Amino acid sequence: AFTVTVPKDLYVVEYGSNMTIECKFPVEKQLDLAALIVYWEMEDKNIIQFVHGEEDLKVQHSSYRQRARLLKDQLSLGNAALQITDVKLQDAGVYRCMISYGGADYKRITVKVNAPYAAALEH
Amino acid sequence: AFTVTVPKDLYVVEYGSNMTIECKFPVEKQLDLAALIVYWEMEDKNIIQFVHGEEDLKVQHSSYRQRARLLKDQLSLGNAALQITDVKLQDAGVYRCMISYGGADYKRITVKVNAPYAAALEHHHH
Ligand SMILES: Cc1c(COc2ccc3nc(CN)c(NCCc4ccccc4)n3c2)cccc1-c1ccccc1
């Protein structure tokens, strides 16, 4: 019954701050890397790929360059936590974490961005 | 690697007919049923969950009630085919087929629904 769970399926973040979004997956033992596949995505844009126990960014969408990282240490605890720094309005939307570690599952997370008079994104 | 391929990323179906949408996954030699996990989704609504070699429709969205089935016989050829019966105008949209079988991957498929006026006018009015 391998299940990905999320403590929060909604995050409300203030423009310019850092954000950390969590997916949990069952991990009893010392973790078997390169048996673990973590894919994070927002709308249809890859943010993070983690396969063969190594970060893959060669598919990462232009936007998330230099602002997205997976907290690789939390993986051992069954926590695929995605940290986005310097949150933009374009970061508002639906995120998906897809995790394969024996079984496979996903959860969606909605991110909402509060912002000061952001004429800038309008255009 | 592990890649899901889709021979068609666009289907044009007539309202009321049946539809069969394919997602191909590499299967070298005999298939390992316990390793396979297939999720069919449209928008953010689950259509088919397939784990432990058996269809799980416990999370199946109300719209697809009694019209969604995964053709289990084509699974041996590396074909995760979703069949939708009595196609509706609400079935138009982007489908996703997420497959785990060693590696993992997904592909998107766009479904367009052609309909005569009467069917369209009902869906419109409600
Ligand atoms: C589906 C899934 C994943 C998916 O991880 C990956 C791994 C490699 C990879 N390469 C690519 C690039 N081609 C993508 N996505 C690109 C999408 C795309 C589609 C159409 C055209 C263009 C691009 N990838 C996604 C990871 C973990 C658990 C699962 C899972 C499986 C079944 C049930 C539940 C969960």
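In what follows, chains are A, B, ... by sequence order, proteins preceding strands, each numbered from 1. Both counts, for ligands and for their atoms, begin at 1 and track the order of listing.
In the vicinity of B:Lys107, heavy-atom distances shorter than 4.0 Å reach the ligand 1 atoms 19 (C), 20 (C). Heavy-atom proximity to B:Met98, at under 4.0 Å, picks out these atoms of ligand 1: 1 (C), 32 (C), 35 (C).
The nearest non-hydrogen atom to atom 30 (C) of ligand 1, considering only A:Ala104, A:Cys97, A:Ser100, comes from A:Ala104.
For B:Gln90, the side-chain hydrogen bond (donor to acceptor under 3.5 Å, both in side chains) partners two or more places apart in sequence, or in a different chain, are B:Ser63. Residues meeting the side-chain hydrogen bond (donor to acceptor under 3.5 Å, both in side chains) test with B:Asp105, sequence neighbours left out: B:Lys107.
Applying the 6.0 Å contact sphere to CG of A:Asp9 captures no more than 12 heavy atoms from other residues, nucleotides or ligands.
The part of A:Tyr39 lying near ligand 1 is the side chain, judged by heavy-atom distances below 4.0 Å. Contact annotation: for A:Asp105 versus ligand 1, heavy atoms closer than 4.0 Å belong to the backbone alone. Counting heavy atoms closer than 4.0 Å to ligand 1, residue A:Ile99 contributes backbone atoms (N, CA, C, O) but none from C-beta onward.
Inspection of the A:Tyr64 and A:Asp91 side chains reveals an N or O donor paired with an N or O acceptor under 3.5 Å. If you check the side chains of A:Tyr106 and B:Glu41, you find a donor sitting under 3.5 Å from an acceptor.
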